[PDB]
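Novice: Have a peek at coords02.txt (compact mmCIF, C-alpha atoms and all ligand atoms).
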# COMPACT_ATOMS: atom_id res chain seq x y z
CA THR A 1 -132.72 -39.76 -128.25
CA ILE A 2 -132.51 -40.49 -131.99
CA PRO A 3 -135.51 -39.13 -133.94
CA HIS A 4 -137.43 -41.72 -135.94
CA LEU A 5 -138.71 -40.59 -139.34
CA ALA A 6 -141.03 -42.31 -141.79
CA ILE A 7 -139.49 -40.57 -144.83
CA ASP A 8 -138.64 -43.05 -147.60
CA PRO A 9 -135.56 -41.61 -149.36
CA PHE A 10 -136.02 -44.23 -152.13
CA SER A 11 -139.63 -43.33 -153.01
CA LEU A 12 -140.63 -41.70 -156.28
CA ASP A 13 -142.10 -38.73 -154.38
CA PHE A 14 -138.69 -38.25 -152.73
CA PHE A 15 -136.81 -38.52 -156.05
CA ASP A 16 -139.27 -36.08 -157.62
CA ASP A 17 -138.38 -33.36 -155.11
CA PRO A 18 -135.89 -34.38 -152.42
CA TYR A 19 -135.08 -30.98 -151.01
CA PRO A 20 -137.85 -30.43 -148.41
CA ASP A 21 -137.43 -33.94 -147.02
CA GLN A 22 -133.64 -33.42 -146.94
CA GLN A 23 -134.10 -30.30 -144.80
CA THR A 24 -136.43 -32.29 -142.54
CA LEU A 25 -133.74 -34.97 -142.23
CA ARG A 26 -131.02 -32.39 -141.49
CA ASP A 27 -133.02 -30.41 -138.95
CA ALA A 28 -134.39 -33.42 -137.09
CA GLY A 29 -130.91 -34.09 -135.72
CA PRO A 30 -127.35 -35.01 -136.64
CA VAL A 31 -128.36 -38.72 -136.62
CA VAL A 32 -131.83 -39.96 -137.53
CA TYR A 33 -133.37 -43.43 -137.68
CA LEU A 34 -135.30 -44.28 -140.86
CA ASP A 35 -138.07 -46.66 -139.72
CA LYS A 36 -139.02 -47.50 -143.31
CA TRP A 37 -135.78 -49.43 -143.90
CA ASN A 38 -134.33 -49.87 -140.36
CA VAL A 39 -131.18 -47.85 -141.06
CA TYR A 40 -129.50 -44.84 -139.51
CA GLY A 41 -129.30 -41.68 -141.59
CA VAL A 42 -126.99 -38.65 -141.64
CA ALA A 43 -127.95 -35.67 -143.81
CA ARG A 44 -125.79 -32.77 -142.55
CA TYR A 45 -122.36 -32.03 -144.01
CA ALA A 46 -120.50 -32.62 -140.73
CA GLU A 47 -121.70 -36.17 -140.09
CA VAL A 48 -121.54 -37.22 -143.74
CA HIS A 49 -117.95 -36.01 -143.94
CA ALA A 50 -117.13 -37.70 -140.63
CA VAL A 51 -118.59 -41.04 -141.72
CA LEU A 52 -116.81 -40.98 -145.08
CA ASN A 53 -113.51 -40.27 -143.32
CA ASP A 54 -113.72 -43.12 -140.76
CA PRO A 55 -113.63 -46.23 -142.99
CA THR A 56 -112.56 -48.43 -140.07
CA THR A 57 -115.74 -47.77 -138.12
CA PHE A 58 -117.99 -47.26 -141.18
CA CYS A 59 -116.81 -50.00 -143.52
CA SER A 60 -117.63 -50.68 -147.17
CA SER A 61 -116.93 -54.44 -147.37
CA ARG A 62 -120.36 -55.28 -145.97
CA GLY A 63 -121.79 -53.40 -148.98
CA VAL A 64 -122.49 -49.75 -149.73
CA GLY A 65 -126.12 -50.49 -150.55
CA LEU A 66 -128.91 -51.32 -148.15
CA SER A 67 -128.01 -55.01 -148.28
CA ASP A 68 -125.54 -56.21 -145.61
CA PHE A 69 -123.16 -58.72 -147.20
CA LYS A 70 -122.71 -60.47 -143.84
CA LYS A 71 -126.47 -61.25 -143.95
CA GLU A 72 -127.33 -61.57 -147.67
CA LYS A 73 -125.40 -62.64 -150.70
CA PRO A 74 -124.36 -59.79 -153.03
CA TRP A 75 -126.35 -59.70 -156.26
CA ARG A 76 -123.00 -59.83 -158.12
CA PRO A 77 -119.43 -60.56 -156.98
CA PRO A 78 -118.28 -57.67 -154.77
CA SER A 79 -116.37 -54.83 -156.36
CA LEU A 80 -112.68 -55.17 -155.42
CA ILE A 81 -112.46 -51.41 -154.81
CA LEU A 82 -115.89 -49.94 -153.93
CA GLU A 83 -116.91 -52.86 -151.69
CA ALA A 84 -113.52 -53.43 -150.04
CA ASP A 85 -111.86 -51.93 -146.97
CA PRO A 86 -108.19 -51.19 -146.29
CA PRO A 87 -105.88 -52.96 -146.66
CA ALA A 88 -107.51 -55.14 -149.35
CA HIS A 89 -108.78 -51.93 -150.98
CA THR A 90 -105.39 -50.21 -151.09
CA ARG A 91 -103.50 -51.79 -153.97
CA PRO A 92 -106.47 -52.13 -156.38
CA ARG A 93 -107.12 -48.45 -155.64
CA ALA A 94 -103.49 -47.59 -156.45
CA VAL A 95 -103.75 -49.37 -159.82
CA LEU A 96 -106.92 -47.55 -160.86
CA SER A 97 -105.33 -44.31 -159.68
CA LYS A 98 -102.38 -44.86 -162.03
CA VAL A 99 -104.62 -46.02 -164.89
CA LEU A 100 -106.84 -42.92 -164.53
CA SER A 101 -103.82 -40.69 -163.91
CA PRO A 102 -102.76 -37.17 -164.93
CA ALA A 103 -100.57 -38.75 -167.62
CA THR A 104 -103.52 -40.65 -169.03
CA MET A 105 -105.54 -37.44 -169.00
CA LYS A 106 -102.77 -35.76 -170.98
CA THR A 107 -103.04 -38.55 -173.57
CA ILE A 108 -106.82 -38.23 -174.07
CA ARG A 109 -107.56 -34.52 -173.46
CA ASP A 110 -107.17 -33.23 -177.03
CA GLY A 111 -109.44 -35.99 -178.33
CA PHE A 112 -112.02 -35.52 -175.57
CA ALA A 113 -112.09 -31.79 -176.38
CA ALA A 114 -112.44 -32.24 -180.16
CA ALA A 115 -115.43 -34.55 -179.61
CA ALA A 116 -117.00 -32.05 -177.22
CA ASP A 117 -116.58 -29.19 -179.72
CA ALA A 118 -117.79 -31.43 -182.56
CA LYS A 119 -120.89 -32.47 -180.63
CA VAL A 120 -121.84 -28.88 -179.78
CA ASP A 121 -121.32 -27.85 -183.41
CA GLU A 122 -123.55 -30.73 -184.49
CA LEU A 123 -126.30 -29.87 -182.00
CA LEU A 124 -126.22 -26.21 -183.06
CA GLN A 125 -127.13 -27.38 -186.58
CA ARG A 126 -130.28 -28.99 -185.17
CA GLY A 127 -131.19 -26.08 -182.89
CA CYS A 128 -133.79 -27.97 -180.83
CA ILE A 129 -132.35 -31.05 -179.12
CA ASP A 130 -132.76 -33.27 -176.07
CA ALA A 131 -129.88 -32.31 -173.78
CA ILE A 132 -130.01 -35.80 -172.25
CA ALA A 133 -130.09 -38.24 -175.19
CA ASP A 134 -128.36 -35.86 -177.60
CA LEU A 135 -125.74 -34.40 -175.26
CA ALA A 136 -125.46 -35.75 -171.73
CA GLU A 137 -125.63 -39.34 -173.05
CA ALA A 138 -124.26 -38.87 -176.57
CA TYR A 139 -121.02 -37.12 -175.60
CA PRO A 140 -119.82 -39.65 -172.96
CA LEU A 141 -120.89 -42.43 -175.33
CA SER A 142 -118.64 -40.91 -178.02
CA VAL A 143 -115.48 -40.77 -175.83
CA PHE A 144 -115.66 -43.14 -172.87
CA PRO A 145 -116.31 -46.55 -174.53
CA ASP A 146 -113.46 -45.80 -176.94
CA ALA A 147 -111.19 -44.62 -174.12
CA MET A 148 -111.94 -47.95 -172.36
CA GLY A 149 -110.92 -49.88 -175.46
CA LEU A 150 -114.34 -51.45 -176.00
CA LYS A 151 -115.44 -52.94 -179.31
CA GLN A 152 -118.27 -51.20 -181.13
CA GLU A 153 -120.81 -54.01 -180.84
CA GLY A 154 -122.95 -54.19 -177.72
CA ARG A 155 -122.33 -50.69 -176.34
CA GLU A 156 -126.09 -50.26 -175.94
CA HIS A 157 -125.69 -52.56 -172.90
CA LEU A 158 -123.55 -50.02 -171.02
CA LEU A 159 -126.14 -47.53 -169.75
CA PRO A 160 -128.72 -50.25 -168.83
CA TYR A 161 -126.05 -52.18 -166.92
CA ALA A 162 -124.99 -49.07 -164.99
CA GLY A 163 -128.59 -48.15 -164.22
CA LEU A 164 -129.01 -51.66 -162.83
CA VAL A 165 -125.89 -51.37 -160.64
CA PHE A 166 -126.98 -48.07 -159.12
CA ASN A 167 -130.56 -49.26 -158.60
CA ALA A 168 -129.15 -52.35 -156.85
CA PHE A 169 -127.60 -50.24 -154.09
CA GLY A 170 -131.15 -49.40 -153.07
CA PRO A 171 -133.63 -51.23 -150.91
CA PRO A 172 -135.56 -54.17 -152.39
CA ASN A 173 -138.23 -51.90 -153.88
CA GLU A 174 -139.71 -52.25 -157.36
CA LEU A 175 -136.92 -50.16 -158.92
CA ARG A 176 -134.32 -52.61 -157.64
CA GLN A 177 -136.19 -55.85 -158.16
CA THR A 178 -137.21 -54.94 -161.70
CA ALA A 179 -133.64 -53.92 -162.56
CA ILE A 180 -132.29 -57.25 -161.35
CA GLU A 181 -135.03 -59.17 -163.21
CA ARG A 182 -133.80 -57.69 -166.50
CA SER A 183 -130.09 -57.95 -165.69
CA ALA A 184 -128.99 -61.19 -167.38
CA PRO A 185 -128.02 -59.87 -170.87
CA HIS A 186 -126.27 -56.74 -169.57
CA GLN A 187 -124.16 -58.65 -167.03
CA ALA A 188 -123.22 -61.16 -169.74
CA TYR A 189 -121.94 -58.48 -172.09
CA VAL A 190 -120.08 -56.55 -169.39
CA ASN A 191 -118.34 -59.54 -167.82
CA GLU A 192 -117.22 -60.57 -171.32
CA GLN A 193 -115.74 -57.17 -172.24
CA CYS A 194 -113.73 -57.34 -169.00
CA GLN A 195 -111.46 -60.08 -170.35
CA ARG A 196 -108.02 -58.97 -171.56
CA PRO A 197 -108.39 -60.13 -175.22
CA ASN A 198 -111.50 -57.95 -175.69
CA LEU A 199 -109.96 -54.60 -174.65
CA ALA A 200 -108.17 -52.60 -177.33
CA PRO A 201 -104.50 -51.73 -176.78
CA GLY A 202 -103.79 -48.45 -175.03
CA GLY A 203 -107.26 -48.10 -173.46
CA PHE A 204 -108.13 -48.04 -169.77
CA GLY A 205 -109.11 -51.70 -169.75
CA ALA A 206 -105.90 -52.92 -171.36
CA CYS A 207 -103.96 -50.73 -168.94
CA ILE A 208 -105.56 -52.38 -165.91
CA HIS A 209 -104.60 -55.80 -167.26
CA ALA A 210 -101.09 -54.53 -167.99
CA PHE A 211 -100.79 -53.64 -164.27
CA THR A 212 -101.26 -57.28 -163.16
CA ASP A 213 -97.55 -58.08 -162.79
CA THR A 214 -96.35 -55.47 -160.26
CA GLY A 215 -97.44 -57.21 -157.07
CA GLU A 216 -100.40 -54.86 -156.66
CA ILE A 217 -103.08 -56.94 -158.41
CA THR A 218 -103.08 -60.39 -159.95
CA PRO A 219 -104.45 -61.25 -163.41
CA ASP A 220 -107.65 -62.70 -161.90
CA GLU A 221 -108.44 -59.33 -160.29
CA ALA A 222 -108.24 -57.30 -163.51
CA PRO A 223 -111.65 -58.24 -165.02
CA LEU A 224 -113.49 -57.02 -161.90
CA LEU A 225 -111.51 -53.76 -161.91
CA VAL A 226 -112.47 -53.26 -165.55
CA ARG A 227 -116.01 -54.03 -164.39
CA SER A 228 -115.68 -51.17 -161.91
CA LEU A 229 -114.99 -48.67 -164.70
CA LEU A 230 -117.81 -50.05 -166.85
CA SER A 231 -120.16 -49.76 -163.87
CA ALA A 232 -119.12 -46.42 -162.43
CA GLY A 233 -117.64 -44.36 -165.23
CA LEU A 234 -120.37 -43.71 -167.81
CA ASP A 235 -123.77 -43.16 -166.17
CA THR A 236 -122.23 -40.91 -163.52
CA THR A 237 -120.78 -38.53 -166.12
CA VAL A 238 -124.02 -38.60 -168.11
CA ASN A 239 -125.86 -37.33 -165.03
CA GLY A 240 -123.05 -34.92 -164.14
CA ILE A 241 -123.06 -33.30 -167.58
CA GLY A 242 -126.85 -33.37 -167.66
CA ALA A 243 -126.87 -31.63 -164.28
CA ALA A 244 -124.52 -28.94 -165.64
CA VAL A 245 -126.67 -28.30 -168.72
CA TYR A 246 -129.82 -28.26 -166.57
CA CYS A 247 -128.17 -25.72 -164.25
CA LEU A 248 -127.11 -23.43 -167.10
CA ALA A 249 -130.63 -23.70 -168.54
CA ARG A 250 -132.19 -22.74 -165.19
CA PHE A 251 -129.64 -20.03 -164.25
CA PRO A 252 -129.10 -17.95 -167.42
CA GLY A 253 -127.03 -15.39 -165.53
CA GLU A 254 -124.45 -18.10 -164.90
CA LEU A 255 -124.35 -19.14 -168.54
CA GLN A 256 -123.65 -15.49 -169.38
CA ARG A 257 -120.76 -15.40 -166.90
CA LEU A 258 -119.48 -18.72 -168.23
CA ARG A 259 -119.54 -17.39 -171.81
CA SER A 260 -117.57 -14.31 -170.81
CA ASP A 261 -114.81 -16.42 -169.21
CA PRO A 262 -114.67 -19.98 -170.58
CA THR A 263 -111.86 -20.78 -168.13
CA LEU A 264 -114.68 -21.08 -165.55
CA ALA A 265 -115.76 -24.30 -167.33
CA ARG A 266 -114.08 -26.66 -164.86
CA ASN A 267 -115.48 -24.96 -161.76
CA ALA A 268 -118.90 -24.58 -163.39
CA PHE A 269 -119.00 -28.37 -163.77
CA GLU A 270 -117.75 -28.95 -160.23
CA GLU A 271 -120.50 -26.66 -158.93
CA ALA A 272 -123.06 -28.64 -160.92
CA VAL A 273 -121.77 -31.79 -159.22
CA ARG A 274 -122.29 -30.16 -155.82
CA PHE A 275 -125.62 -28.59 -156.77
CA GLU A 276 -127.27 -31.70 -158.21
CA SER A 277 -125.07 -34.44 -156.72
CA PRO A 278 -125.63 -37.12 -159.40
CA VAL A 279 -124.69 -39.78 -156.83
CA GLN A 280 -127.19 -38.95 -154.11
CA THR A 281 -126.61 -41.55 -151.41
CA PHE A 282 -124.35 -44.37 -150.25
CA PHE A 283 -124.36 -46.62 -147.20
CA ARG A 284 -121.73 -47.72 -144.72
CA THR A 285 -121.92 -50.53 -142.14
CA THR A 286 -120.68 -50.00 -138.58
CA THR A 287 -117.96 -52.43 -137.46
CA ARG A 288 -118.41 -51.55 -133.76
CA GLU A 289 -120.53 -49.54 -131.39
CA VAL A 290 -119.80 -45.89 -132.17
CA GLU A 291 -120.84 -42.47 -130.92
CA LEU A 292 -121.74 -40.16 -133.82
CA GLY A 293 -122.99 -36.62 -133.18
CA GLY A 294 -124.18 -37.53 -129.69
CA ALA A 295 -125.82 -40.76 -130.92
CA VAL A 296 -124.82 -44.31 -129.97
CA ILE A 297 -124.92 -46.61 -133.02
CA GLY A 298 -124.47 -50.34 -132.49
CA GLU A 299 -122.28 -52.76 -134.44
CA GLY A 300 -123.50 -54.08 -137.76
CA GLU A 301 -125.86 -51.18 -138.46
CA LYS A 302 -126.38 -49.65 -141.88
CA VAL A 303 -125.75 -45.89 -142.10
CA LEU A 304 -127.22 -44.00 -145.05
CA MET A 305 -125.20 -40.92 -146.09
CA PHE A 306 -127.16 -38.22 -147.95
CA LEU A 307 -124.38 -36.81 -150.14
CA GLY A 308 -126.70 -34.48 -152.02
CA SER A 309 -128.09 -33.18 -148.73
CA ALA A 310 -124.64 -32.58 -147.27
CA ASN A 311 -123.87 -30.54 -150.42
CA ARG A 312 -126.86 -28.29 -149.66
CA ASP A 313 -126.45 -28.02 -145.87
CA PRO A 314 -126.60 -24.29 -144.96
CA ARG A 315 -124.45 -25.14 -141.92
CA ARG A 316 -121.61 -25.64 -144.42
CA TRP A 317 -122.59 -23.64 -147.53
CA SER A 318 -123.59 -20.05 -148.08
CA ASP A 319 -126.71 -19.88 -150.30
CA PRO A 320 -126.52 -23.65 -150.92
CA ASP A 321 -129.57 -23.65 -153.19
CA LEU A 322 -127.94 -21.22 -155.65
CA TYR A 323 -125.88 -22.44 -158.62
CA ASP A 324 -122.72 -20.29 -158.51
CA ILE A 325 -119.95 -21.05 -161.00
CA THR A 326 -117.42 -19.00 -159.03
CA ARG A 327 -118.23 -20.75 -155.72
CA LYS A 328 -115.34 -22.21 -153.75
CA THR A 329 -116.55 -25.81 -154.05
CA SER A 330 -113.62 -27.44 -152.26
CA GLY A 331 -114.87 -29.98 -149.76
CA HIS A 332 -118.16 -30.89 -151.42
CA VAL A 333 -118.91 -34.61 -151.21
CA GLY A 334 -120.34 -35.17 -154.71
CA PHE A 335 -117.29 -37.36 -155.46
CA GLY A 336 -117.18 -38.72 -151.91
CA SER A 337 -114.37 -38.05 -149.45
CA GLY A 338 -111.43 -39.99 -148.04
CA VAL A 339 -109.92 -43.30 -149.12
CA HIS A 340 -112.75 -44.11 -151.57
CA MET A 341 -113.08 -40.62 -153.06
CA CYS A 342 -113.93 -41.06 -156.75
CA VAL A 343 -110.84 -42.58 -158.36
CA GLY A 344 -112.25 -41.56 -161.75
CA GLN A 345 -112.78 -37.89 -160.82
CA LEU A 346 -110.13 -36.72 -163.30
CA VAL A 347 -112.04 -38.38 -166.15
CA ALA A 348 -115.34 -36.90 -164.98
CA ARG A 349 -113.87 -33.42 -164.57
CA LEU A 350 -112.09 -33.58 -167.94
CA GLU A 351 -115.34 -34.56 -169.72
CA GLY A 352 -117.37 -31.92 -167.90
CA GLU A 353 -114.80 -29.19 -168.42
CA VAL A 354 -114.37 -29.68 -172.18
CA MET A 355 -118.14 -29.90 -172.70
CA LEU A 356 -118.86 -26.72 -170.73
CA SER A 357 -115.93 -25.07 -172.56
CA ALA A 358 -117.54 -25.89 -175.90
CA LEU A 359 -120.87 -24.54 -174.68
CA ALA A 360 -119.19 -21.38 -173.35
CA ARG A 361 -117.53 -20.63 -176.68
CA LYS A 362 -120.30 -21.67 -179.07
CA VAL A 363 -123.71 -21.13 -177.41
CA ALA A 364 -125.49 -17.85 -176.61
CA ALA A 365 -128.59 -19.23 -174.88
CA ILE A 366 -130.01 -22.51 -173.56
CA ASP A 367 -133.81 -22.33 -173.28
CA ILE A 368 -135.98 -25.20 -172.12
CA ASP A 369 -138.59 -25.65 -174.82
CA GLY A 370 -140.45 -28.81 -173.82
CA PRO A 371 -141.54 -30.98 -170.89
CA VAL A 372 -138.76 -31.95 -168.49
CA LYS A 373 -138.94 -35.60 -167.42
CA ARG A 374 -137.00 -36.97 -164.47
CA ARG A 375 -135.21 -40.32 -164.54
CA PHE A 376 -135.77 -42.34 -161.35
CA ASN A 377 -132.96 -44.40 -159.78
CA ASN A 378 -132.36 -45.56 -156.20
CA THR A 379 -128.86 -43.94 -156.21
CA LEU A 380 -128.53 -41.57 -159.21
CA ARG A 381 -130.30 -38.23 -159.60
CA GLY A 382 -130.79 -36.98 -163.14
CA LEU A 383 -133.18 -36.31 -165.97
CA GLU A 384 -134.70 -38.62 -168.56
CA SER A 385 -135.34 -35.82 -171.05
CA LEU A 386 -134.38 -32.13 -171.20
CA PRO A 387 -135.66 -30.44 -174.37
CA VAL A 388 -133.70 -27.27 -175.12
CA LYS A 389 -133.16 -24.85 -177.96
CA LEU A 390 -129.49 -23.87 -178.34
CA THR A 391 -128.89 -20.40 -179.72
CA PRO A 392 -125.50 -20.06 -181.44
CA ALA A 393 -123.07 -17.41 -180.25
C1 LIG B 401 -119.74 -36.73 -162.31
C2 LIG B 401 -119.26 -37.99 -162.33
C3 LIG B 401 -119.01 -38.87 -161.08
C4 LIG B 401 -119.52 -38.80 -159.83
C5 LIG B 401 -120.57 -37.80 -159.31
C6 LIG B 401 -118.93 -39.89 -159.05
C7 LIG B 401 -119.17 -40.19 -157.71
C8 LIG B 401 -118.46 -41.06 -156.91
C9 LIG B 401 -118.58 -41.21 -155.46
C10 LIG B 401 -119.55 -40.37 -154.58
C11 LIG B 401 -117.72 -42.15 -155.06
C12 LIG B 401 -117.48 -42.63 -153.60
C13 LIG B 401 -118.19 -43.95 -153.33
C14 LIG B 401 -118.01 -44.31 -151.87
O1 LIG B 401 -117.50 -43.46 -151.09
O2 LIG B 401 -118.38 -45.45 -151.48
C15 LIG B 401 -117.03 -42.64 -156.23
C16 LIG B 401 -116.06 -43.63 -156.29
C17 LIG B 401 -115.63 -44.23 -157.46
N1 LIG B 401 -115.79 -43.75 -158.75
FE1 LIG B 401 -116.82 -42.09 -159.26
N2 LIG B 401 -118.06 -40.56 -159.87
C18 LIG B 401 -118.07 -39.98 -161.11
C19 LIG B 401 -117.33 -40.37 -162.21
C20 LIG B 401 -116.55 -41.50 -162.29
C21 LIG B 401 -115.78 -41.95 -163.43
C22 LIG B 401 -115.70 -41.20 -164.77
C23 LIG B 401 -115.19 -43.12 -163.10
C24 LIG B 401 -114.24 -44.04 -163.91
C25 LIG B 401 -113.70 -43.73 -165.10
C26 LIG B 401 -115.57 -43.42 -161.74
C27 LIG B 401 -115.18 -44.53 -161.01
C28 LIG B 401 -115.25 -44.67 -159.63
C29 LIG B 401 -114.75 -45.78 -158.85
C30 LIG B 401 -114.06 -47.06 -159.40
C31 LIG B 401 -114.99 -45.54 -157.56
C32 LIG B 401 -114.62 -46.44 -156.37
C33 LIG B 401 -113.39 -45.80 -155.70
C34 LIG B 401 -113.03 -46.44 -154.38
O3 LIG B 401 -113.89 -47.14 -153.77
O4 LIG B 401 -111.85 -46.27 -153.92
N3 LIG B 401 -116.40 -42.41 -161.27
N4 LIG B 401 -117.51 -41.97 -157.34
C1 LIG B 402 -119.80 -44.47 -157.06
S1 LIG B 402 -118.46 -45.64 -157.40
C2 LIG B 402 -119.11 -47.18 -158.10
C3 LIG B 402 -120.41 -47.27 -158.56
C4 LIG B 402 -120.89 -48.45 -159.11
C5 LIG B 402 -120.04 -49.53 -159.21
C6 LIG B 402 -118.73 -49.43 -158.75
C7 LIG B 402 -117.79 -50.62 -158.87
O1 LIG B 402 -116.62 -50.55 -158.41
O2 LIG B 402 -118.20 -51.66 -159.45
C8 LIG B 402 -118.26 -48.26 -158.21
CL CL B 403 -122.75 -57.95 -162.85
As structure tokens - that is how I would like this structure written.
Ligand code: HEM
Ligand SMILES: CSc1cccc(C(=O)O)c1
Ligand SMILES: [Cl-]

Specialist:
Amino acid sequence: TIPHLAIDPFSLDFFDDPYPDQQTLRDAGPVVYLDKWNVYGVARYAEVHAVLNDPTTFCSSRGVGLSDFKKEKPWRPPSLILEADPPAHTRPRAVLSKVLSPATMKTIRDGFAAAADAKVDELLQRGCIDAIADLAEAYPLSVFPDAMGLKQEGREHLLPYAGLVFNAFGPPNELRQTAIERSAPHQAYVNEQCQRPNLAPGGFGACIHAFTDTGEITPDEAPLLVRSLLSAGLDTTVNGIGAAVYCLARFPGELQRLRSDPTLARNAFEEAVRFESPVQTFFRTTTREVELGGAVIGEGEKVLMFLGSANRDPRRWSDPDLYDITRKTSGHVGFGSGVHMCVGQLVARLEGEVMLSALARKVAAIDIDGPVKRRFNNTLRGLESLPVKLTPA
């Protein structure tokens, strides 16, 4: 009853252009079987949203990558939040929620916005820039390591470590095995910056450690929660901001609307998150036999959720392949959905909003003026290089 497909969603041809294969996955049925990796797949909005919102049946503690932690040993100690289920997940989640809270956003907003304006002013002096290295990477690098409380030395480890983490959710293909081969120095640096004495006062990392006396987490759980923010909080925003700039470069009519009302900045970034879905895929593991969209799935089976595909499902979205900065984006799954929904989404949205605000106020045109090169990752979608000329307003 379940269609079997040979599509490899972790192949370079897939990453290069996922959208035809994603339609094939959606239209084959609500539940498909991917023979290449022996996993179930769900690519429509309805099933993806259903799976995300039943964490009991579709658990995360057996891993949210291809690997099943009941069968193989995790490549690194499990995340206490991403790779945990309720109730063990609940109190670490609460702590990160309060650390990455509206009050914390109020403390950092003015500084995040100054750096966004400063960066755009600096790029406008160069004219022709790489919107990845010089913007999508440079701007988060200028705010997020400092907001964490990290020392200056060794920050060049951060993006390689995150790329490794996201590649490691994938199958044991060359992307994943090469990433792990090169992992030793990046893991060393990261695990070391997770210790309380190495995190500057007032930052996110020192705040997690300062939350270790409330009965929610113990001191030995704080380094791994810092590790969560160093894994999940930089590379995602790089690809989210890169997606937004790529969208404005490809849809000049939407840049013109954004310029005329810079208060659309926050929704323009949210739409970019839906439209490109920087985090493309995640797995769950079934804890029991379950019926999903007419399909019987046995216990202990991996289920691949196509988040990017669900965000382009025409069953849920009108004109899903159009970038529309006034779209009602509520309900997109680019940040997930349910008990694991991105606990850092306020940081991501703050960064994306203030950057698109700076572009809206200072830039008249964004024109691609060089070869676009895609960056390949088993989990993240984004560009390696995006050459653009910025015309000042
Ligand atoms: C555009 C940027 C971002 C995107 C697209 C994104 C995406 C996601 C997604 C899809 C999930 C759900 C994972 C799952 O359901 O298994 C998630 C969870 C999470 N995100 Fe984000 N994220 C972004 C930015 C950030 C930032 C800035 C931080 C930290 C400062 C962060 C930290 C986390 C953490 C710790 C989790 C685990 C939450 C949990 O399991 O309860 N993310 N993110
Ligand atoms: C998409 S959320 C995420 C991604 C990578 C790592 C972690 C973590 O908690 O270590 C979380
Ligand atoms: Cl690690």

Novice: Considering only C-alpha atoms, return as a tab-separated table (two decimals) with C-alpha atoms, in the coordinates of the input whatever protein or nucleic-acid residues lie within 10 Å of region 32-48 of chain A, sequence-local ones (same chain, fewer than 5 positions apart) excluded.

Specialist:
chain	number	residue	atom	x	y	z
A	1	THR	CA	-132.72	-39.76	-128.25
A	2	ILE	CA	-132.51	-40.49	-131.99
A	3	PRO	CA	-135.51	-39.13	-133.94
A	4	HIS	CA	-137.43	-41.72	-135.94
A	5	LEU	CA	-138.71	-40.59	-139.34
A	6	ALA	CA	-141.03	-42.31	-141.79
A	7	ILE	CA	-139.49	-40.57	-144.83
A	8	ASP	CA	-138.64	-43.05	-147.60
A	9	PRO	CA	-135.56	-41.61	-149.36
A	10	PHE	CA	-136.02	-44.23	-152.13
A	22	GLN	CA	-133.64	-33.42	-146.94
A	23	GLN	CA	-134.10	-30.30	-144.80
A	24	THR	CA	-136.43	-32.29	-142.54
A	25	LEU	CA	-133.74	-34.97	-142.23
A	26	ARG	CA	-131.02	-32.39	-141.49
A	27	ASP	CA	-133.02	-30.41	-138.95
A	53	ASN	CA	-113.51	-40.27	-143.32
A	66	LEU	CA	-128.91	-51.32	-148.15
A	171	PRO	CA	-133.63	-51.23	-150.91
A	172	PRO	CA	-135.56	-54.17	-152.39
A	281	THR	CA	-126.61	-41.55	-151.41
A	283	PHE	CA	-124.36	-46.62	-147.20
A	284	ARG	CA	-121.73	-47.72	-144.72
A	285	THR	CA	-121.92	-50.53	-142.14
A	292	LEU	CA	-121.74	-40.16	-133.82
A	293	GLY	CA	-122.99	-36.62	-133.18
A	295	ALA	CA	-125.82	-40.76	-130.92
A	297	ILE	CA	-124.92	-46.61	-133.02
A	301	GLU	CA	-125.86	-51.18	-138.46
A	302	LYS	CA	-126.38	-49.65	-141.88
A	303	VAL	CA	-125.75	-45.89	-142.10
A	304	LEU	CA	-127.22	-44.00	-145.05
A	305	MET	CA	-125.20	-40.92	-146.09
A	306	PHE	CA	-127.16	-38.22	-147.95
A	307	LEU	CA	-124.38	-36.81	-150.14
A	308	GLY	CA	-126.70	-34.48	-152.02
A	309	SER	CA	-128.09	-33.18	-148.73
A	310	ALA	CA	-124.64	-32.58	-147.27
A	311	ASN	CA	-123.87	-30.54	-150.42
A	312	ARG	CA	-126.86	-28.29	-149.66
A	313	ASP	CA	-126.45	-28.02	-145.87
A	314	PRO	CA	-126.60	-24.29	-144.96
A	315	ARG	CA	-124.45	-25.14	-141.92
A	316	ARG	CA	-121.61	-25.64	-144.42
A	317	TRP	CA	-122.59	-23.64	-147.53
A	331	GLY	CA	-114.87	-29.98	-149.76
A	332	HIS	CA	-118.16	-30.89	-151.42
A	333	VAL	CA	-118.91	-34.61	-151.21
A	336	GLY	CA	-117.18	-38.72	-151.91
A	337	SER	CA	-114.37	-38.05	-149.45

Novice: How far is it from CA of residue 228 (chain A) to CA of residue 51 (chain A), in Å with one decimal?

Specialist: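 Taking CA of residue 228 (chain A) as the start and CA of residue 51 (chain A) as the end point, the length is 22.8 Å.
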
Novice: Residues within 8 Å of ligand LIG 401 (chain B), counting all atoms listed in the file: report them as a PyMOL selection string.

Specialist: chain A and resi 52+60+64+81-84+89+93+96+100+225+228-241+273+277-284+307+333-349+352

Novice: If we count all atoms listed in the file and set the cut-off at 9 Å, which residues sit around region 180-188 of chain A, ignoring sequence neighbours fewer than 4 positions away in its own chain? Please answer as a PyMOL selection string.

Specialist: chain A and resi 75+157-158+160-161+164-165+167-168+175-176+192-193

Novice: Report as an MDAnalysis selection string all protein, DNA and RNA residues lying within 6 Å of residue 57 (chain A), evaluated on only C-alpha atoms, omitting residues in the same chain fewer than 2 positions from it.

Specialist: chainID A and resid 54:55 59 286:287

Novice: Taking all atoms listed in the file into account, which of A:140, A:223, A:370, A:30 comes nearest ligand LIG 402 (chain B)?

Specialist: A:223
